[PDB]
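Participant: With the input below, show me the fold.
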Amino acid sequence: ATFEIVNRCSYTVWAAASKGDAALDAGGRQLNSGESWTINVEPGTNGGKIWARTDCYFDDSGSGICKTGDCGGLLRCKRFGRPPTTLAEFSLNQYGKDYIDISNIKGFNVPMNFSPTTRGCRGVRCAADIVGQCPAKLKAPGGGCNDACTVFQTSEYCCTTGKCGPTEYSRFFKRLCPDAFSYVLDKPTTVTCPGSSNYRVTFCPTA
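Facilitator: Numbering: from 1, shown residues only. Shown next is the protein structure:
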């Protein structure tokens, strides 16, 4: 499957693509404002994630640091990024279907559109100003809006027993982006696509 990753932000981001134990395609790249990066993701990829990183410094070797979505100091992510991270999430060719979503479960750094470029299902978007509106206790100093689980490390927020409810914090994310996961047991906003759909992830789809 092809993912076109487009940075419509006025600022540079460092796109990342990982399935948690491995990079997807190069795993990461600088996107200046307006740049497009096309990656190939192996069919049957389960638990794929794409995100943006902000305010990165990388040396000649691809080692450095991001204020959001840092994946162990690497340009080319092998691991998931240090939330806050708006997440494009995908499981591909799963009994003949692709499953896509956006998640705020790991918080929010960059607004995002996640849409197929093939037909047979709709895209999802979380493009509200969640950073601007972020409750004070979730504000990440480095930029972005943390989920309550990252900040407070409780069973309720992290859903550790597999029993928990919505929260004041999850409802903030859900009110601004109804079409994204706000917490682990949120009523699914997973979209079902045809197997072997192609996609576009757009950072700052409206801005």
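
Participant: Going by residue numbers, what spans are strands in this structure?
Facilitator: Assigned by DSSP state E, the strands in the chain fall at 2-7, 13-18, 23-31, 36-40, 48-53, 57-58, 64-65, 87-94, 97-103, 112-116, 124-126, 180-181, 191-194, 199-203.

Participant: Nearest to residue 71, out of those strands?
Facilitator: strand 13-18 (5.9 Å; CB to CB). C-beta: built from backbone N, CA, C; applies to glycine.

Participant: how distant is the closest one from the center of its chain?
Facilitator: From the chain centre to the centre of strand 13-18 is a distance of 9 Å (CA atoms, centre = their mean, to the nearest Å).

Participant: next one: stretch 101-116
Facilitator: Centre to centre, stretch against its chain (CA atoms, centre = their mean), the figure for stretch 101-116 is 4 Å.

Participant: likewise stretch 185-202?
Facilitator: Offset of stretch 185-202 from its chain centre (CA atoms, centre = their mean): 12 Å.

Participant: Check stretch 130-140 too.
Facilitator: Worked out by CA atoms, centre = their mean, stretch 130-140 lies 17 Å from the chain centre.

Participant: Show me what the residue nearest the centre of the chain is bridged to.
Facilitator: Geometric centre of the chain, nearest residue: residue 87, 1.3 Å, by CA atoms, centre = their mean. Under DSSP bridges, the beta-bridge partners of residue 87 are residue 103.

Participant: In contact with it, which residues?
Facilitator: 49, 50, 51, 102, 103, 104, 105, 106 (CB atoms under 8 Å, 6 or more residues apart in numbering).

Participant: Turn the strands of the chain into a markdown table, including distance to residue 81.
Facilitator: A markdown table is the format used below for these (distance: least, CB to CB, whole Å):
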| stretch | distance to residue 81 |
| --- | --- |
| strand 2-7 | 14 |
| strand 13-18 | 6 |
| strand 23-31 | 9 |
| strand 36-40 | 16 |
| strand 48-53 | 5 |
| strand 57-58 | 14 |
| strand 64-65 | 12 |
| strand 87-94 | 9 |
| strand 97-103 | 12 |
| strand 112-116 | 13 |
| strand 124-126 | 16 |
| strand 180-181 | 16 |
| strand 191-194 | 22 |
| strand 199-203 | 14 |
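
Participant: Out of those strands, flag the one nearest residue 143.
Facilitator: strand 48-53 (10.3 Å).

Participant: Strand 199-203 and that closest one, what's the angle between them?
Facilitator: 20 degrees (axes from the mean of the first three to the mean of the last three CA atoms, to 10 degrees).
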